[PDB]
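entry17.pdb follows (PDB, C-alpha atoms):
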ATOM      1  CA  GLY A   1     110.954 107.443 131.007  1.00  0.00           C
ATOM      2  CA  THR A   2     110.450 110.031 128.201  1.00  0.00           C
ATOM      3  CA  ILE A   3     112.476 113.226 127.646  1.00  0.00           C
ATOM      4  CA  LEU A   4     110.977 116.056 125.507  1.00  0.00           C
ATOM      5  CA  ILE A   5     113.399 118.641 124.015  1.00  0.00           C
ATOM      6  CA  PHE A   6     112.440 121.924 122.283  1.00  0.00           C
ATOM      7  CA  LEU A   7     115.111 123.752 120.158  1.00  0.00           C
ATOM      8  CA  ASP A   8     114.893 127.360 118.816  1.00  0.00           C
ATOM      9  CA  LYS A   9     117.198 130.021 117.228  1.00  0.00           C
ATOM     10  CA  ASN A  10     114.830 132.756 118.623  1.00  0.00           C
ATOM     11  CA  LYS A  11     114.294 133.447 122.383  1.00  0.00           C
ATOM     12  CA  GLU A  12     110.800 135.046 122.071  1.00  0.00           C
ATOM     13  CA  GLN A  13     109.319 131.923 120.355  1.00  0.00           C
ATOM     14  CA  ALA A  14     110.618 129.637 123.162  1.00  0.00           C
ATOM     15  CA  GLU A  15     109.595 132.128 125.958  1.00  0.00           C
ATOM     16  CA  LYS A  16     106.039 132.563 124.531  1.00  0.00           C
ATOM     17  CA  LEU A  17     105.552 128.786 124.136  1.00  0.00           C
ATOM     18  CA  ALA A  18     106.914 128.101 127.680  1.00  0.00           C
ATOM     19  CA  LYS A  19     104.278 130.580 129.041  1.00  0.00           C
ATOM     20  CA  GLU A  20     101.353 128.991 127.080  1.00  0.00           C
ATOM     21  CA  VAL A  21     102.449 125.318 127.700  1.00  0.00           C
ATOM     22  CA  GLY A  22     103.314 125.837 131.444  1.00  0.00           C
ATOM     23  CA  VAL A  23     107.025 124.718 131.190  1.00  0.00           C
ATOM     24  CA  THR A  24     109.829 126.472 133.206  1.00  0.00           C
ATOM     25  CA  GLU A  25     113.105 124.577 132.357  1.00  0.00           C
ATOM     26  CA  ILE A  26     114.903 126.925 129.900  1.00  0.00           C
ATOM     27  CA  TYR A  27     118.592 126.792 128.824  1.00  0.00           C
ATOM     28  CA  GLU A  28     120.469 129.308 126.579  1.00  0.00           C
ATOM     29  CA  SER A  29     123.874 129.095 124.771  1.00  0.00           C
ATOM     30  CA  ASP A  30     125.704 130.373 121.654  1.00  0.00           C
ATOM     31  CA  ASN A  31     126.801 126.676 121.247  1.00  0.00           C
ATOM     32  CA  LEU A  32     123.083 125.561 121.106  1.00  0.00           C
ATOM     33  CA  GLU A  33     123.795 122.447 118.959  1.00  0.00           C
ATOM     34  CA  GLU A  34     126.728 121.275 121.177  1.00  0.00           C
ATOM     35  CA  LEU A  35     124.623 121.959 124.327  1.00  0.00           C
ATOM     36  CA  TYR A  36     121.911 119.618 122.930  1.00  0.00           C
ATOM     37  CA  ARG A  37     124.532 116.784 122.663  1.00  0.00           C
ATOM     38  CA  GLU A  38     125.980 117.559 126.130  1.00  0.00           C
ATOM     39  CA  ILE A  39     122.453 117.340 127.700  1.00  0.00           C
ATOM     40  CA  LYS A  40     121.539 114.073 125.817  1.00  0.00           C
ATOM     41  CA  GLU A  41     124.856 112.483 126.803  1.00  0.00           C
ATOM     42  CA  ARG A  42     123.957 113.105 130.504  1.00  0.00           C
ATOM     43  CA  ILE A  43     120.372 111.798 129.863  1.00  0.00           C
ATOM     44  CA  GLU A  44     121.967 108.509 128.629  1.00  0.00           C
ATOM     45  CA  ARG A  45     124.038 108.316 131.910  1.00  0.00           C
ATOM     46  CA  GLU A  46     121.109 109.246 134.243  1.00  0.00           C
ATOM     47  CA  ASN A  47     118.199 107.469 132.417  1.00  0.00           C
ATOM     48  CA  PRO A  48     119.101 103.914 131.137  1.00  0.00           C
ATOM     49  CA  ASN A  49     115.366 103.548 130.151  1.00  0.00           C
ATOM     50  CA  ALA A  50     115.231 106.954 128.307  1.00  0.00           C
ATOM     51  CA  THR A  51     112.907 107.741 125.344  1.00  0.00           C
ATOM     52  CA  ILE A  52     114.046 110.650 123.121  1.00  0.00           C
ATOM     53  CA  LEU A  53     111.607 113.251 121.731  1.00  0.00           C
ATOM     54  CA  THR A  54     112.895 116.500 120.055  1.00  0.00           C
ATOM     55  CA  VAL A  55     110.895 119.471 118.618  1.00  0.00           C
ATOM     56  CA  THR A  56     111.385 122.736 116.604  1.00  0.00           C
ATOM     57  CA  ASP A  57     107.657 123.828 116.296  1.00  0.00           C
ATOM     58  CA  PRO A  58     105.041 124.763 119.032  1.00  0.00           C
ATOM     59  CA  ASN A  59     102.228 122.922 117.163  1.00  0.00           C
ATOM     60  CA  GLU A  60     104.306 119.693 117.550  1.00  0.00           C
ATOM     61  CA  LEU A  61     105.302 120.451 121.208  1.00  0.00           C
ATOM     62  CA  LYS A  62     101.661 121.386 122.058  1.00  0.00           C
ATOM     63  CA  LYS A  63     100.366 118.131 120.397  1.00  0.00           C
ATOM     64  CA  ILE A  64     102.807 116.049 122.557  1.00  0.00           C
ATOM     65  CA  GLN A  65     102.029 118.050 125.771  1.00  0.00           C
ATOM     66  CA  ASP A  66      98.242 117.687 125.058  1.00  0.00           C
ATOM     67  CA  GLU A  67      98.695 113.927 125.716  1.00  0.00           C
ATOM     68  CA  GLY A  68     101.172 114.538 128.631  1.00  0.00           C
ATOM     69  CA  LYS A  69     102.966 111.139 128.088  1.00  0.00           C
ATOM     70  CA  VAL A  70     106.348 112.654 129.186  1.00  0.00           C
ATOM     71  CA  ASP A  71     108.555 112.586 132.358  1.00  0.00           C
ATOM     72  CA  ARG A  72     110.651 115.801 131.687  1.00  0.00           C
ATOM     73  CA  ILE A  73     110.403 118.793 129.274  1.00  0.00           C
ATOM     74  CA  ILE A  74     113.464 120.995 128.453  1.00  0.00           C
ATOM     75  CA  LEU A  75     113.761 124.146 126.249  1.00  0.00           C
ATOM     76  CA  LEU A  76     117.107 125.078 124.591  1.00  0.00           C
ATOM     77  CA  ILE A  77     117.606 128.583 123.054  1.00  0.00           C
ATOM     78  CA  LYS A  78     120.385 129.929 120.750  1.00  0.00           C
ATOM     79  CA  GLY A  79     122.562 132.860 121.905  1.00  0.00           C
ATOM     80  CA  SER A  80     122.614 135.976 119.643  1.00  0.00           C
ATOM     81  CA  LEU A  81     126.444 136.297 119.193  1.00  0.00           C
ATOM     82  CA  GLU A  82     127.268 133.068 117.220  1.00  0.00           C
ATOM     83  CA  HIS A  83     128.268 133.429 113.541  1.00  0.00           C
ATOM     84  CA  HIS A  84     130.676 131.434 111.313  1.00  0.00           C
ATOM     85  CA  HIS A  85     133.729 133.048 109.590  1.00  0.00           C
ATOM     86  CA  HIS A  86     133.854 133.415 105.754  1.00  0.00           C
ATOM     87  CA  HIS A  87     136.584 134.339 103.190  1.00  0.00           C
ATOM     88  CA  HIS A  88     134.642 134.710  99.838  1.00  0.00           C
TER      89      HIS A  88
END
Using the file provided, produce a representation of the structure as structure tokens.
Amino acid sequence: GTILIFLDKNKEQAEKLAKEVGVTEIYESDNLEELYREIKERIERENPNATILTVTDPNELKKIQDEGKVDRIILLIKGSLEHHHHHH
């Protein structure tokens, strides 16, 4: 059973792709990179026969969805408030 992830720092890119590709499962968090791990950890508990696919470009996501060889598709979006602290 194959899982397809899409990751983006920008919400409009993920929204516009979801609308052209026909996908509805969208998640958003300031901790985008920790959320990815927290989802994949639960995939490993729920799907012992999992296959991992992960994307950052709509040409790659569209090429995979053209073939439709996937059991679930999930979009993850970064929240606007996250920045690191700096002292120099």
Let me know the residues the PyMOL selection byres ((chain A and resi 27-37) around 6) catches in the file above, as a tab-separated table (two decimals) with C-alpha atoms, in the coordinates of the input.
chain	number	residue	atom	x	y	z
A	26	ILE	CA	114.90	126.92	129.90
A	38	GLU	CA	125.98	117.56	126.13
A	39	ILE	CA	122.45	117.34	127.70
A	40	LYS	CA	121.54	114.07	125.82
A	41	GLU	CA	124.86	112.48	126.80
A	76	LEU	CA	117.11	125.08	124.59
A	77	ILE	CA	117.61	128.58	123.05
A	78	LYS	CA	120.38	129.93	120.75
A	79	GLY	CA	122.56	132.86	121.90
A	82	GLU	CA	127.27	133.07	117.22
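Shortest separation to residue A:25 among A:3, A:43, A:75, A:81 occurs at residue A:75, atoms counted being only C-alpha atoms.
When atom CA of residue A:2 is paired with atom CA of residue A:70, their separation reads 5.0 Å.
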Once 8 Å is added on each side, what are the centre and the three edge lengths, in Å to one decimal, of the axis-aligned box enclosing the listed atoms of stretch 46-50 of chain A? Present them as lines of an AutoDock Vina configuration file.
center_x = 118.2
center_y = 106.4
center_z = 131.3
size_x = 21.9
size_y = 21.7
size_z = 21.9
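Every protein or nucleic acid residue with an atom no more than 12 Å from residue A:59, counting only C-alpha atoms and leaving out same-chain residues fewer than 4 positions away, appears here: residues 6, 13, 17, 20, 21, 55, 63, 64, 65 and 66 of chain A.
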When you draw a straight line from atom CA of residue A:61 to atom CA of residue A:44, how long is it in Å? 21.8 Å
Atom CA of residue A:73 to atom CA of residue A:60 measures 13.2 Å
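Shortest atom-to-atom contact with residue A:53 among A:4, A:74, A:23, A:18: A:4, counting all atoms listed in the file.
Distances from A:54, A:67, A:83, A:46 to residue A:5 were compared using all atoms listed in the file, and the smallest one belongs to A:54.
Among A:62, A:71, A:22, A:15, the residue with the shortest atom-to-atom distance to residue A:49, counting only C-alpha atoms, is A:71.
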